[PDB]
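Q: Sharing a structure with you now.
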Amino acid sequence: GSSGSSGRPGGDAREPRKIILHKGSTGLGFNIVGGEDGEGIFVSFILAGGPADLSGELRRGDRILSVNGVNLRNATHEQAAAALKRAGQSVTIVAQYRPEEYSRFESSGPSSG
């Protein structure tokens, strides 16, 4: 004998969440990084005015987990992209605001073109 009722939303935007972005044209309005020893994907930037921004969900620094329904937990950069090229209009980008990780990318090392 037991039961439960609905629950109101709180905060703590740390865990992974859903970010349904409607491909406007250029893309979802957000970049992606990673693809090294499956370290994990992470947003590099978020277009201003895009769906990733407008939606008011996706944010720079987030850690892309899956796209639509693909486990990119340990996928390369391309793959993480191919998942966006294989998507469509309504792409579900499940990322988790994790700046602690992206930090690595934030620092960024050398790069003599």
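Values quoted throughout were computed directly from the atomic coordinates according to the rules given, and no laboratory measurement underlies them. Neighbour counts are summed over all protein chains in view; Cβ atoms, including those assigned to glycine, are modelled from backbone coordinates with ideal geometry.
Q: Kindly evaluate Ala83 against the criterion of being of a type in the set (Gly, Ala, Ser), touching a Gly at 6+ places or on another chain (Cβ under 8 Å) and in contact (Cβ under 8 Å) with a residue 12 or more places away in the chain.
A: No.
Q: Are there any pairs, at least 6 apart or on different chains, whose C-beta atoms fall under 7 Å, with the first in segment 1-19 and touching a residue at least 40 places away in the same chain (Cβ under 8 Å) and the second part of a loop (DSSP other than H, G, I, E, B), and if so, which?
A: Close Cβ pairs satisfying both conditions: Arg17/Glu57; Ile19/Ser55; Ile19/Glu57; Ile19/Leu58.
Q: Looking at segment 66-99, which of the residues that are of a type in the set (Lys, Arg) and more than 13 Å from the chain's Cα centre (by Cα) is surrounded by the fewest Cβ atoms within 10 Å (Cβ to Cβ)?
A: Per the stated criteria, the residue is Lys85.
Q: For segment 1-22, enumerate the residues that are in a loop (DSSP other than H, G, I, E, B), within 20 Å of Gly61 (Cα to Cα) and not aliphatic (A, V, I, L, M).
A: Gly11, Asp12, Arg14, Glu15
Q: Answer with yes or no whether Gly49 is without any contact (Cβ under 8 Å) to a residue 12 or more places away in the chain and out of contact with any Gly (no Cβ under 6 Å at 6 or more places or on another chain).
A: Considered against the rule, which asks whether it is without any contact (Cβ under 8 Å) to a residue 12 or more places away in the chain and out of contact with any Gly (no Cβ under 6 Å at 6 or more places or on another chain), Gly49 comes out as no.
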